[PDB]
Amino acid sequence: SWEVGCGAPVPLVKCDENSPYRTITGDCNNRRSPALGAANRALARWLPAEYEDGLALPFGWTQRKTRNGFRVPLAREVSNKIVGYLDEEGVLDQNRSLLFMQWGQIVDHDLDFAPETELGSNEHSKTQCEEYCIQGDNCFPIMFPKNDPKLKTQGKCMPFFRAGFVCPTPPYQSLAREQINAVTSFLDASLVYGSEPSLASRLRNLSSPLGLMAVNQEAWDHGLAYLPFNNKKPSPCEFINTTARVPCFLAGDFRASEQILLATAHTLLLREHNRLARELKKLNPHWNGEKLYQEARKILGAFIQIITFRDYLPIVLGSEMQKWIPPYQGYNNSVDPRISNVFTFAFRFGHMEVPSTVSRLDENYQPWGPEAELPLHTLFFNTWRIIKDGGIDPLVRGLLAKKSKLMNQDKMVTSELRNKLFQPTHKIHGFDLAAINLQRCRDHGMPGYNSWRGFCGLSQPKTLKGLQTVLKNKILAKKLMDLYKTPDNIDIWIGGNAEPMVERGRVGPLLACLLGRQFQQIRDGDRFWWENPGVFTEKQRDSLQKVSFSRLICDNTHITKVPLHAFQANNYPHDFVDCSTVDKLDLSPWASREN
């Protein structure tokens, strides 16, 4: 509320109700309500927003005001007391590859983005936020608690800007502030193609009628394509090494260069689109560039859907997968396809799955040169290590043969993210993702832990002893009670991630319910779901069933040895097979003549 920094460009389109292709914006998916799931609309509210003043001020804004008669603890203080840890020894997930973590961030970026208020460029506002730590309007700074080492080294706060929100509309009657989702709620490879028509065009190769995506013209990975550079200045990717001066990539998603392995996955996905386009041109020489672009985009979309639902969700949801995502029963136009506000916090479980280092491995999956293993923080907004230090293959090998961090109640978020995060506007490896997540929960008017437990039909702990029983952890429950005083005030991000994981899963009960419900809606509410009859032919669906991440790697790198099950922990060579033994995508069912 209070209009400073609101709204988004929602362009009005007339719907082609008979197109066999998704729109870029996600409009026209639901025929009765064409905006359901589209980009640049409010996140859905599963529960009503909870603000300090009932409208827009987050809990923790006014020093006098309590939440249920208790002060809310500082975000940085929750992080210091509970989220940090020293010893990286034995922290690794023994049955999840690093690809497990990385695929999570990919799916998340496809589904939701809540961009920070653009106070504008040229800002004295940025100055009063970063330099003077002054709370007001969109500046909601993360204040350091007493004894914080960052007090001695950085200043009084980390700067923090409130998320974008819907503009008050001409009734202008009093409503709770609603944050915007800038990407399509559909699992539709929007992170490759864009959620905005203008960027979608700019990303395409329109010089040739071959339906390709634009590729870098200054740099090649032993003949394989790189994403184009984003030429917008100043560049955070240039800032982290001004000698090398390699800019950030330009992708369908603003966040693609945030860390080197995300950039890697974006590169693999772009290569696959061009491979699909080239193969379809061979099968159908009469097909034009639009047709080729849309058909490759339509396949890559299904690829993301199949990998997510067949390979990823089962090993996240474990025993709860069947309860929340039973067998598909066809498209239901009454299901809400939109991403909920709470989901964008629930999926941040992945921040406890990121380890402290990244490795480049050689063709024998051995340490690649003398600086093989690098600290994660050196790789935020880092494109020069790809362009000028061996391409993506050595990073992709590390994705296969290295492990995700395991979530640990005593070891939650590696110091690489908790103390050394780099933000694209700022100059320091000095931010705390855990403190930002907690601040952001409050920014977004999140109901509290016991609110969501109830939403999920779970018991709502009210005492120390009750919380100890939910967490199966005496000390964690005590630290939480000392900070929050009531489990009612525990911010959903820490509350959900504190719970011991469900059987065969990587999240606890509350997160299994919130994620499960959302992924059920993402499938059932999507008119272009790959299994919805008439989206693909039956023969095309038989072809699609054989896709794998292992094949993506074989088709789009010079790696010739890969595991069959890329998401579990895999050791070279015992667990790796030659690419020739891995099922391919049979494209003959897309062959199209007139006779």
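Don't overthink the numbering: it's just position in the shown sequence, from 1. Rigid core: the largest C-alpha set superposing within 1.5 Å between the two forms.
With 173 to 181 and 328 to 336 as candidates, the stretch whose CA atoms show the greater average offset from this form in 8 other deposited structures of this protein after a core fit is 173 to 181. Between stretches 121 to 129 and 100 to 108, greater average Cα displacement in 8 other deposited structures of this protein relative to the shown form, fitted by the core, falls on 121 to 129.
Look at the mean CA B-factor for 45 to 53 and for 32 to 40 in the entry; the higher one is 32 to 40. For the pair 329 to 337 and 345 to 353, the record assigns the higher mean C-alpha temperature factor to 329 to 337. By the numbers in the PDB entry, the CA B factor is greatest at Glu131 among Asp524, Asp393, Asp93, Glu131.
Of the residues listed, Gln217, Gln520, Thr184, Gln102, the entry assigns the biggest Cα temperature factor to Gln217. Ranked by C-alpha B-factor against the other modelled residues of its chain, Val562 falls in the middle third. Placement of the Cα temperature factor of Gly516 within the chain: lowest third of the modelled residues, per the deposited record.
Residue-level temperature factors show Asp110 in the lowest third of its chain, judged at the C-alpha atom. In the PDB entry, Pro285 places in the highest third of its chain by CA B-factor. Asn556 sits in the middle third of its chain by CA B factor, as recorded in the PDB entry.
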